[PDB]
Amino acid sequence: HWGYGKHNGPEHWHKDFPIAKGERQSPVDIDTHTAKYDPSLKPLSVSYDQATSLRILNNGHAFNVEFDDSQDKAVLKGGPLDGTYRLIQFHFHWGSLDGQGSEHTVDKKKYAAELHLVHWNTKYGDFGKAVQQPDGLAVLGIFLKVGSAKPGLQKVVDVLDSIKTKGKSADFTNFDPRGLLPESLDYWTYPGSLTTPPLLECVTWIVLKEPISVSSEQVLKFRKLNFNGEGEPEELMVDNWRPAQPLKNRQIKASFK
Ligand SMILES: NS(=O)(=O)c1ccc(NC(=S)N[C@H]2CCN(c3cccc([N+](=O)[O-])n3)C2)cc1
Ligand SMILES: [Zn+2]
């Protein structure tokens, strides 16, 4: 019964998921002055032209846009990664107000929201096997700030009224995730974890430096979703973010000088 409420939030997760206090937990604060430029990193390769979106689901914690990952259609390669990672889903974390919502922070700055594009390593054959491995997932993280509308986000915003409550889904075909990227693919990278239970330490994090701009109207529609199921007391889906975790014995590397 984990969540983001007064009594089941991140400070409680360690009781059911002791890895919550582990050596490679996410998210983290990115100290821009201590992150080292690594000239040996490669440009990231984001190959989304053949992406097949299928469905959008309110899972009670966020909403997931789900992809066909039954073959190598939408893949992330290069940068810090060895081999090929298949896009399985994306989701967001956001705040009750614009001054909070991101999971990663940049010099302790909180963004209004953060997009996670989740990919799994095809050398492990399926997602459930990949999450048992230290290099099993690659998550591309993109900050959202409030300003101009993001045109590529509006198809997502406009379906949210149809998946208001936990367990609701809707058909969501032909959505192009390239419309969610910023101009620059400059990034920071570090080894971490899932940011929700079960908090598995299986993620190569790749966090873009350049945020995307969304409008106030767009993020207000995220904040009208519900954590609760249909006919249950209304609990607005806001502040579904985990705060920064200790960095411990880890180095954040920058792709840019
Ligand atoms: N915040 S975060 O980015 O650290 C992060 C947190 C949690 C997850 N959990 C994920 S992607 N869980 C999996 C379990 C299986 N799974 C599938 C599998 C096949 C098809 C679908 N589907 O519904 O289309 N979903 C989703 C990953 C990433
Ligand atoms: Zn996430």
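Along the sequence shown, the residues carry numbers beginning at 1. Only this structure's heavy atoms are used, side chains among them; waters, hydrogens and symmetry mates stay out.
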Original post:
Does a donor on one side chain sit under 3.5 Å from an acceptor on the other, for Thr165 and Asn226?
Top reply: no
Original post:
In Å, rounded to the nearest 0.5 Å, how long is the span from OH of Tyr111 to OG1 of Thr105?
Top reply: 10.0 Å
Original post:
How long is the gap from NZ on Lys209 to CD1 on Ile30, to the nearest 0.5 Å?
Top reply: 11.0 Å
**OP:** Would you sort out whether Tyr4 and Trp13 count as a ring-ring contact (aromatic ring centres under 6.0 Å, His included), showing the intermediate values?
**Re:** CA-CA 10 Å; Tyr4 295 99; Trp13 296 350; 5.6 Å; yes
**OP:** Could you check if a side-chain atom of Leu44 sits within less than 4.5 angstrom of a side-chain atom of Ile206, using non-hydrogen atoms only?
**Re:** yes
Original post:
Are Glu66 and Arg55 close enough for a salt bridge, meaning some N to O gap below 4.0 Å?
Top reply: yes
**OP:** Could you tell me whether a side-chain N or O of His33 sits under 3.5 Å from a main-chain N or O of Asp31, the two making a donor and an acceptor?
**Re:** no
Original post:
Side chain of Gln25, backbone of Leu199: donor and acceptor closer than 3.5 Å?
Top reply: yes
**OP:** For the pair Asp107 (side chain) and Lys109 (backbone), establish whether a donor and an acceptor sit closer than 3.5 Å, ignoring hydrogens and angles.
**Re:** no
Subject >> Non-hydrogen side-chain atoms of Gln100 and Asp239 separated by less than 4.5 Å >> reply: yes
Original post:
When you look at CD of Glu232, are more than 12 heavy atoms from neighbouring residues, nucleotides or ligands closer to it than 6.0 Å?
Top reply: yes
Original post:
Should the heavy atoms of other residues, nucleotides or ligands under 6.0 Å from CG of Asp171 be counted, would the total exceed 12?
Top reply: no
Original post:
Can you tell me if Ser26 and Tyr190 form a side-chain donor-acceptor pair at under 3.5 Å?
Top reply: yes
Original post:
Around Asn174, counting heavy atoms of other residues, nucleotides and ligands shown, do more than 12 lie under 6.0 Å from its CG?
Top reply: no
Original post:
Which pair of non-hydrogen atoms, one from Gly79 and one from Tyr187, has the smallest distance, and what is that distance?
Top reply: CA-OH, 3.1 Å
Subject >> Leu180 versus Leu115, closest heavy-atom pair with distance >> reply: CB-CD2, 3.7 Å
**OP:** Go through the side-chain N and O atoms of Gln133 and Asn121 and say whether any donor and acceptor fall under 3.5 Å apart.
**Re:** no
Subject >> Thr204 vs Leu81 side-chain heavy atoms within contact, under 4.5 Å >> reply: yes
Atom pairs and distances, donor-acceptor, side-chain atoms in residues 215-222, under 3.5 Å, two or more places apart:
unit_1: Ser215; atom_1: OG; unit_2: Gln218; atom_2: N; d: 3.2
unit_1: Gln218; atom_1: OE1; unit_2: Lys150; atom_2: N; d: 2.9
unit_1: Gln218; atom_1: OE1; unit_2: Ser215; atom_2: N; d: 3.1
unit_1: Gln218; atom_1: NE2; unit_2: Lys150; atom_2: O; d: 3.1
unit_1: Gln218; atom_1: NE2; unit_2: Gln154; atom_2: OE1; d: 2.9

Original post:
Is there a side-chain contact between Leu160 and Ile56 (heavy atoms, below 4.5 Å)?
Top reply: yes
Tell me which donor-acceptor pairs under 3.5 Å the side chains of residues 87-95 have, and how far apart each pair is, sequence neighbours excluded?
unit_1: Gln89; atom_1: OE1; unit_2: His91; atom_2: ND1; d: 2.8
unit_1: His91; atom_1: NE2; unit_2: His93; atom_2: NE2; d: 3.2
unit_1: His91; atom_1: NE2; unit_2: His116; atom_2: ND1; d: 3.3
unit_1: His93; atom_1: ND1; unit_2: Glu103; atom_2: OE2; d: 3.3
unit_1: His93; atom_1: ND1; unit_2: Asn240; atom_2: O; d: 2.8
unit_1: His93; atom_1: NE2; unit_2: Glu103; atom_2: OE1; d: 3.2
unit_1: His93; atom_1: NE2; unit_2: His116; atom_2: ND1; d: 3.1
unit_1: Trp94; atom_1: NE1; unit_2: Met237; atom_2: O; d: 2.8

Subject >> Shortest non-hydrogen contact between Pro177 and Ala51, atoms and distance >> reply: CD-CB, 4.0 Å
**OP:** Would you kindly say whether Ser102 and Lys110 are connected by a side-chain donor-acceptor distance under 3.5 Å?
**Re:** no
Subject >> Close side-chain approach of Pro191 and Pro134, heavy atoms under 4.5 Å >> reply: no
**OP:** Taking all heavy atoms of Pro182 and all of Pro211, pick out the closest pair and write down the distance.
**Re:** CB-O, 4.2 Å
**OP:** Could you tell me the separation between the CG atom of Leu144 and the CD atom of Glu114, rounded to the nearest 0.5 Å?
**Re:** 9.0 Å
Original post:
Is the distance between the ring centroids of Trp2 and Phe17 under 6.0 Å?
Top reply: no
Original post:
Between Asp38 and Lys253, is a salt bridge (charged side-chain N to carboxylate O under 4.0 Å, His left out) present by the stated rule, with each step listed?
Top reply: CA-CA 6 Å; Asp38 186 349; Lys253 297 179 326 148; 2.7 Å; yes
Subject >> Considering all heavy atoms, the nearest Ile163-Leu225 contact >> reply: O-CD2, 3.5 Å
Original post:
Are any of the side-chain heavy atoms of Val159 and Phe172 separated by less than 4.5 Å?
Top reply: yes
Subject >> Heavy atoms of other groups near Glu234 CD, more than 12 under 6.0 Å >> reply: yes
Subject >> Crowding at CG, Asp161 (>12 non-hydrogen neighbours, <6.0 Å) >> reply: no
Subject >> CG-CH2 distance between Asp69 and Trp120, expressed to the nearest 0.5 angstrom >> reply: 5.5 Å
**OP:** For side chain to side chain contact (heavy atoms under 4.5 Å, CB included), just list the numbers for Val75 and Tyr48, CA-CA rounded to whole Å, side-chain angles, deciding distance to a tenth of an Å, and then say yes or no.
**Re:** CA-CA 7 Å; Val75 294; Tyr48 286 172; over 6 Å; no
Subject >> Neighbour count above 12 (heavy atom, 6.0 Å) for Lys248 NZ >> reply: yes
Original post:
Tell me, do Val28 and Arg250 make a side-chain contact under 4.5 Å, heavy atoms counted?
Top reply: yes
Subject >> Donor-acceptor pair between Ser70 and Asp68 side chains, under 3.5 angstrom >> reply: yes
Original post:
Can you tell me how far CG of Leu153 sits from CD1 of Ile212, rounded to the nearest 0.5 angstrom?
Top reply: 6.5 Å
**OP:** With salt bridge (charged side-chain N to carboxylate O under 4.0 Å, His left out) as the test, would you mind laying out the steps for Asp176 and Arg178 before giving the verdict?
**Re:** CA-CA 5 Å; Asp176 187 347; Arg178 294 177 292 181; 2.8 Å; yes
Subject >> Heavy-atom closest pair, residues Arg242 and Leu194 >> reply: NH1-O, 4.4 Å
**OP:** Go through the steps for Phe143 and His104 under the test side chain to side chain contact (heavy atoms under 4.5 Å, CB included), then give the verdict.
**Re:** CA-CA 8 Å; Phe143 298 119; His104 294 92; 3.8 Å; yes
Original post:
Who passes salt bridge (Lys or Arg N to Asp or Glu O under 4.0 Å) against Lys77, sequence neighbours left out?
Top reply: none
Subject >> From CA spacing to verdict: side chain to side chain contact (heavy atoms under 4.5 Å, CB included), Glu201, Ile19 >> reply: CA-CA 8 Å; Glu201 294 181 334; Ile19 199 172; 3.6 Å; yes
**OP:** Report, as yes or no, whether the 6.0 Å neighbourhood of atom CD on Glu210 holds more than 12 heavy atoms from other residues, nucleotides or ligands.
**Re:** yes
Original post:
Any side-chain heavy atom of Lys166 within less than 4.5 Å of one from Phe227?
Top reply: no
Original post:
Using a distance-only test with no angle check, is there a side-chain donor-acceptor pair under 3.5 angstrom linking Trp205 and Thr189?
Top reply: no
**OP:** Let me see the working for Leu208 and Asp186 under side chain to side chain contact (heavy atoms under 4.5 Å, CB included), right down to the final yes or no.
**Re:** CA-CA 6 Å; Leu208 301 186; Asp186 288 348; over 6 Å; no
**OP:** Evaluate whether atom CG of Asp82 has more than 12 neighbouring non-hydrogen atoms of other residues, nucleotides or ligands under 6.0 angstrom away.
**Re:** no
**OP:** Return yes if a side-chain donor-acceptor contact under 3.5 Å exists between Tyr124 and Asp135, otherwise no.
**Re:** yes
Original post:
Just by distance, do the side chain of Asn58 and the backbone of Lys164 share a donor-acceptor pair under 3.5 Å?
Top reply: yes
